[PDB]
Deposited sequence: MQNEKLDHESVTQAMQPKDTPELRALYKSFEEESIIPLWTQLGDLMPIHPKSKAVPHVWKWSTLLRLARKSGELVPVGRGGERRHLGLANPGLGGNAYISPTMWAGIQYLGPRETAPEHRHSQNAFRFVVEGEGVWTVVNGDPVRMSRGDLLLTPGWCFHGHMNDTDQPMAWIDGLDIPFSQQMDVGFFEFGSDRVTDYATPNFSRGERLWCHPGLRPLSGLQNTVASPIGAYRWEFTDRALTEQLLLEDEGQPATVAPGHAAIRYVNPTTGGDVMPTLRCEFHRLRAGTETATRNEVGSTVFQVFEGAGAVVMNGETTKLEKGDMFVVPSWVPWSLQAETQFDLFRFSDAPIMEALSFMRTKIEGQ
């Protein structure tokens, strides 16, 4: 940068290039930033748009000519043309047509399916068939064989969230093909063993790295958030903040996050609730499941409508405001920040 630009210097630099050495002193860029400054940028996708483009994708791309991958990837404008919503996460709308199937495969990358629209599709996870409907969270944890069948003439839309960008950058990717029955049970084996509150099968005493619950069904989510707002009505502690009910989807063998790499939550805000501004390390994505409100990011307010999705990159100040009762599904890379002692939180309140 500032050494004397002499012949002997330029010879040194020439030698550098040759030996693949880069010297610190010529480096100008933001080495060790004061706080995180992501290349990802806050962004909002409108459901009215995504749904439109999804339905058209249904007409224009059949099985045999791309229909197998009929998946609308959400790309952050800041991430150089990659189909990545944040630096750690991949989120896409999977638009599954009438009677459509996918064979089984397995990969190291962890993944979930959040059903936004439809019913009567089964994702068959290690042979265990897990039914899908609006508001269910399905897990297909890393190295679990998974495939699916649509048992109906209606299509389905779901959010596919994966840890692809993390796994790509970090070199951890593995993949295998599997290989019929097409069973359609109302509840999977996993749910039948693990979905009884406070009870654990004697046959499942070993803890697991990922939840053995195949589906976190809408019924239960909805009940939990209602009780929290009800307890608040009654003077009882329940909500994380006034008007703000919320649960964390957990692995019951452990009480921890669903998968090693991804946290999932569900938030219910009472009409007129306005959350305190947060800065949190790493990235998160919300989908507005029901109701109307707005989000503030970097001081910019965006009005939000049913089905809209948005991303908050690392350290971006954010808050939500409910106009009506505001329901949002949430996911993030937080289990990574926390496993590695990188997590840090600033709340405007405290």
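Of the deposited sequence, the ranges 1 to 14, 194 to 196 have no C-alpha coordinates according to the record.
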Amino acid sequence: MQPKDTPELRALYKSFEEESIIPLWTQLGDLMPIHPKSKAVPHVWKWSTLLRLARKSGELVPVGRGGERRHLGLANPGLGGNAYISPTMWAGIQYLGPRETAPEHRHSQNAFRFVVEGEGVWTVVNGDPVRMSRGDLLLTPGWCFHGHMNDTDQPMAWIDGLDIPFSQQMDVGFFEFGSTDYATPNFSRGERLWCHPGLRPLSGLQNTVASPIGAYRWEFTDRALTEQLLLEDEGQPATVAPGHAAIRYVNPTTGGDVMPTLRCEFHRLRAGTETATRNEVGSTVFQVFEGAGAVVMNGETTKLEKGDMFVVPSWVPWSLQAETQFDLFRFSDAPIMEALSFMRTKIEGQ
From here on, numbers count along this sequence of modelled residues.
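Higher mean CA temperature factor between 327 to 335 and 14 to 22: 14 to 22, per the PDB entry.
Per the PDB record, of the two stretches 255 to 263 and 91 to 99, 91 to 99 carries the greater mean B-factor over its C-alpha atoms. When the C-alpha B-factors of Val250, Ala245, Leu138, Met156 are read from the PDB record, the largest value belongs to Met156. In the PDB entry, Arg200 places in the lowest third of its chain by CA B-factor. Annotation for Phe166: C-alpha temperature factor in the lowest third relative to the rest of the modelled chain, per the entry.
Ranked by C-alpha B-factor against the other modelled residues of its chain, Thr301 falls in the middle third.
When all modelled residues of the chain are sorted by CA temperature factor, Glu290 is found within the middle third. Per the PDB record, residue ranking by Cα B-factor puts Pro237 in the highest third of the chain.
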